[PDB]
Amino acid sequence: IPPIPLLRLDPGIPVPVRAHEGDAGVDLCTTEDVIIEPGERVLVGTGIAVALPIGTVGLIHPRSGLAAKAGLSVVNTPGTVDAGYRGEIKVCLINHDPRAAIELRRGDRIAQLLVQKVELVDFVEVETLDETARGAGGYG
């Protein structure tokens, strides 16, 4: 698989690497210290820009450990990085703990980045849809 071009915007942030051979994501870091009070959110930079190939999408997922241990998550999760995006990747972090603030230092790992294929499809208006077993059963 062709590697993804990565631009290091911040010399103090390492190039992300895959920790185990089949791991879905690579770690993303914050380029700045932040204290996130309970219920508050903050947008931080990751120090990198990428050129994802057309046909793929980058997905920003919360880190599992910080989620369970501190309530740290991502407001717009899964964060959606489009193939044509050439800016710095940013993460919108939120503290879901009711009591304890979260302190993050520059260089701390804050999220993980997955790359997947996406169907670049068009939607064609029709007058009727075919029928299925599941039907209109759903709870939005």
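Numbering starts at 1 and runs along the sequence shown.
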Practice problem: Check the entry's C-alpha temperature factors for 127-135 and 12-20, then say which stretch has the higher mean. | Solution: 127-135
Exercise. Name the residue from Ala101, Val26, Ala51, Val115 with the greatest C-alpha temperature factor listed in the entry.
Key: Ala101
Practice problem: Go through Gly55, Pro38, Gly84, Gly47 one by one and give the residue whose Cα B-factor in the PDB entry is largest. | Solution: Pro38
Practice problem: Select lowest, middle or highest to describe the third in which the CA B-factor of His61 falls within its chain in this entry. | Solution: lowest
Practice problem: Determine, from the deposited record, the chain-internal third of the Cα B-factor for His96: lowest, middle or highest. | Solution: highest
Quiz item: Ranked by Cα temperature factor within the chain, is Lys69 in the lowest third, the middle third or the highest third?
Solution: highest
